[PDB]
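A single chain comes next, written as structure tokens; it is the form deposited in one PDB entry.
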């Protein structure tokens, strides 16, 4: 009965029999939207433009029309599909903006020679205006939302070494889809910019917004609440940052990817800043002994060039002797099933692989290229990269990691740049590029 009106008081017209059928199921969401004061809303986007968007060339009438204009384009739009797409996006405002963006208005130098030492040990390879106008908006988010947003990247070390330059804020959120939408609705009403929310397939749970000219504004990685806990965190300026110890461990697993090497090729000094800021954190934080002398670390990483499975020896550190590291995640997931395994430990983005200790054997997937020293000889950084990976698991399950790290660190001091003889090839990740585009009323996944 009221569905009849609900749908009519929404479309700015009389609901057609065709429409009354489809929309009928959204009688509650369309109502909850109509009954939603579409004004105090205009009061909040404004009570933001002046708090994080001062430098904005637009009258408070634009950041008032754009709004109301969207909120009633059901009248102009008669297409059944574009409605469903404008109905699910309007709803993201009516229920989360408040709890999401609304709330928004209520040392290392002494290790430079160290990162310097190491980076070169491995040296063997071969953006809109809002970008900045936004980072300011996010600094607040990190505070206002401690448990629905964790930070890392460059900006994380910045809260550590106020000398670690940041021009982007990388974060993890247990709701980054609700998050990213509201902010794209923000960058719109205020700027008038038509941002595009795109989702990259070869990346586990990833969505990023960009501007009309295809320029990266801000991205985000998503994680289960589950994962949001086991992720080692550190509290700073009222914001949790992915503990610098973990972040650093994940950087050895970084240089194992040929690319990063090629990145550090054309700027061997780039990571000195970030990398030392970190070898300086661990040295203190967990009194790490730094001396060229520290063997037993580069573990016997016999690689089987056929089954694409590096075989790592960890027996001298963990109860589980080996740890079959796979290179093809589609395979591992299958073999694991054959093991009748039902609870492999997944941490999503954080590790980009799952871990299964089935019978003293740990099975896992390496998400980068395996660098070699020679023909079937797993290059040193790759041997450390793999190793570093295994240790990420420990940190997420609160186990033995301390010492191994040390041994791992020292292995990288004062070494002979072993060239890149060759490397393995990443497994292809399926999927299609998905995306939401408010303007054209387009949602595809």
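Residues that one form lacks are left out of the comparison. Note that the rigid core is defined as the largest set of C-alphas that superpose within 1.5 Å between two forms. Numbering follows the first chain given and starts at 1.
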* Structure fact -> For the neighbouring pair residue 126 and residue 127, the stretch of deposited sequence with no coordinates amounts to 10 or more
* Structure fact -> Counting residues of the deposited sequence that sit between residue 106 and residue 107 but have no coordinates, the total is 10 or more
* To do: Would you determine, from the values in the PDB entry, which of 237 to 245 and 328 to 336 has the greater average C-alpha temperature factor?
  => 237 to 245
* Looking only at CA atoms, which has the higher mean B factor in the entry: 408 to 416 or 379 to 387? -> 408 to 416
* **Selection by C-alpha B-factor (highest) of 101, 203, 164, 356** => 164
* Could you say which of 364, 133, 257, 250 has its CA atom at the highest B factor, as listed in the PDB entry? => 133
* To do: Looking at the entry's B-factor column for C-alpha atoms only, identify whether residue 227 ranks in the lowest, middle or highest third of its chain.
  => lowest
* To do: Using the B-factors in the PDB entry, rank residue 185's C-alpha atom against the chain and give the third, lowest, middle or highest.
  => lowest
* Structure fact -> Sorting the chain's modelled residues by C-alpha B-factor and splitting them into thirds places residue 396 in the lowest
* Structure fact -> On the chain's distribution of Cα B-factors, residue 147 falls within the third called lowest
* To do: Rank-wise, by C-alpha B-factor, drop residue 434 into the lowest, middle or highest third of its chain.
  => lowest
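The following text describes the form deposited in another entry, which does not appear among the structures shown.
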* Asked: Just one of 236, 341, 302, 331 has a C-alpha that shifts by 2 Å or more between the shown form and the other one on a rigid core fit; which is it?
  -> 341
* **C-alpha of residue 54 moved at least 2 Å between the shown form and the other one on rigid core** => no
* Asked: With the rigid core superposed, can you list, in sequence order, the 3+ residue stretches whose C-alpha atoms all shift 2 Å or more between the shown form and the other one?
  -> 57 to 62, 341 to 343
